[PDB]
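Descriptive structure summary
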Amino acid sequence: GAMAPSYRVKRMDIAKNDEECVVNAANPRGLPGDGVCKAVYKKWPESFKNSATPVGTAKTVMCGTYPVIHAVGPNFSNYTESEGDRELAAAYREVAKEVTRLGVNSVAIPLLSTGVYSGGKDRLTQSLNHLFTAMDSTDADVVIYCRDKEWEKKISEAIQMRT
Ligand SMILES: [Cl-]
Ligand SMILES: [Cl-]
Ligand SMILES: [Cl-]
């Protein structure tokens with residue numbers, strides 16, 4: 001575990017993370033995809049060997065010894081708000097199980113279902129709260145990666161408010 005488990009947020013490409021493992025915002029088919037998924041495919045393409053997994057689950061594949069946790073959030077274009085909310089919460093619970101199983105002291109994590117899978121809605125709070133629900137009982141240092149400067153502000157505020 002980390003000596004004083006923390007949450008942090010950085011505004012940069014998760015493919016340049018400084019953590020012991022990465023969570024991919026994966027598609028269910030293990031395809032190179034778009035956005036975070038494409039960046040992860042370019043950095044760790046070996047991790048896409050048999051990475052296909054259903055919505056609401058996480059599947060870890062090693063790139064060398066570096067674990068890539070493929071977490072499949074729901075596409076809110078296809079799911080109802082209710083069912084999508086359930087699957088988004090479930091994907092993060094599976095990430096917490098994997099992070100725990102791997103014994104890492106740190107994990108880089110994007111906000112699931114906030115990009116192309118958001119169904120064109122702002123899901124920062126919904127996705128971040130499900131991340132906290134899952135990860136709060138883990139003792140890994142969690143570093144959240146985002147690209148938008150105002151998202152960085154809002155995530156940093158949400159972290160600092162519970163401190
Ligand atoms: Cl960057
Ligand atoms: Cl997404
Ligand atoms: Cl963002």
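Everything that follows concerns the structure shown earlier in this document.
Residues numbered from 1 in each chain as written, not as in the entry; some residues may be left out. Chains lettered and ligands numbered in written order. Heavy atoms only, no water.

Here we take up the overall build of the protein. Counting secondary structure elements, the protein contains 4 helices and 6 strands. Sequence-ordered secondary structure for the protein, helices as α and strands as β, is β-β-α-β-β-α-β-α-β-α. A globule of 163 residues ought to have a C-alpha radius of gyration of about 15 Å, and the protein, at 14 Å, matches this closely. Structurally, the protein occupies a C-alpha span of about 40 × 35 × 25 Å along its principal axes. Considering only contacts in the protein between residues 6 or more positions apart, those separated by 24 or more positions represent 67%. Surface accessibility of the protein: about 8,200 Å² in total, with carbon and sulfur atoms responsible for 49%. Computed over 21 positive and 20 negative side-chain charges, the inter-centroid distance for the protein is 5 Å. (Helix = DSSP H or I, 4+ residues; strand = E, 2+ residues; numbered from the N terminus. Rg over C-alpha atoms; globule rule 2.2 N^0.38 Å. Contact = heavy atoms within 4.5 Å. Areas by Shrake-Rupley, 256 points an atom, 1.4 Å probe, with all protein chains shown as cover. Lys, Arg positive; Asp, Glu negative; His and termini not counted. Charge placed at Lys NZ, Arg CZ, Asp CG, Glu CD.)

Below, the discussion takes up the pattern of salt bridges. Scanning the entire structure with this criterion turns up 9 salt bridges. Among the ionic pairs, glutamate 83 bridges to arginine 86, the shortest N-O distance being 2.5 Å. Pair noted here: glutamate 83 and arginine 86 are both in helix α2 (residues 81–102), with a separation of 3 residues, about one helical turn. The closest approach of N and O atoms between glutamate 98 and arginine 101, which form a salt bridge, is 2.9 Å. Taken together, the residues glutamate 98 and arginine 101, both in helix α2 and 3 residues apart, mark about one turn of the helix. The exposure class assigned to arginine 101 is exposed, which follows from its relative accessible area of 55%. Each member of the salt-bridge network shares a partner with another, and the members are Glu81, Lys121 and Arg123. (Salt bridge = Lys/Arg side-chain N within 4 Å of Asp/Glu carboxyl O. Buried < 20%, exposed > 50% of the residue type's maximum accessible area, 1.4 Å probe, protein only.)

Right, let's get into the packing of aromatic side chains. On inspection of all chains with the given rule, the structure shows 3 aromatic pairs. With a centroid separation of 4.8 Å and an interplanar angle of 70°, the aromatic rings of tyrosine 7 and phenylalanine 132 are classed as edge-to-face. Taken together, the residues span a long stretch of sequence, with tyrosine 7 in strand β1 (residues 7–11) and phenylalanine 132 in helix α3 (residues 124–135) at a distance of 125 residues. Neither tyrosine 7 nor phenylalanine 132 differs from the other in exposure class; each is buried. When the centroid spacing of 5.2 Å and the interplanar angle of 10° are considered together, the rings of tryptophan 44 and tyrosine 66 count as stacked. Separated by 22 residues along the polypeptide, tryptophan 44 in the loop between α1 (36–43) and β3 (58–63) and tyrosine 66 in strand β4 (residues 66–71) bring together distant segments of the chain. (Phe/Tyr/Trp six-rings, centres within 6.5 Å; stacked < 30°, edge-to-face > 60°.)

Counting residues in each nonpolar core, the largest one holds 32 residues, and the members touching the most others are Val95, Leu111, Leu131, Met135, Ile144 and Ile155. Going through the elements one at a time, β1, β4, α2, β5 (106–110), α3, β6 (141–146) and α4 (149–161) are the ones with two or more residues in this core. Sequence-distant contacts of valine 95, defined by excluding residues within four places in its chain, comprise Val23, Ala58, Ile69, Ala71, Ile109 and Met135. Counting 14 residues, the second-largest nonpolar core is a separate cluster that includes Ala39, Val40, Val68 and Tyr145. (Core = buried A, V, L, I, M, F, W, Y, C linked by side-chain atoms within 4.5 Å.)

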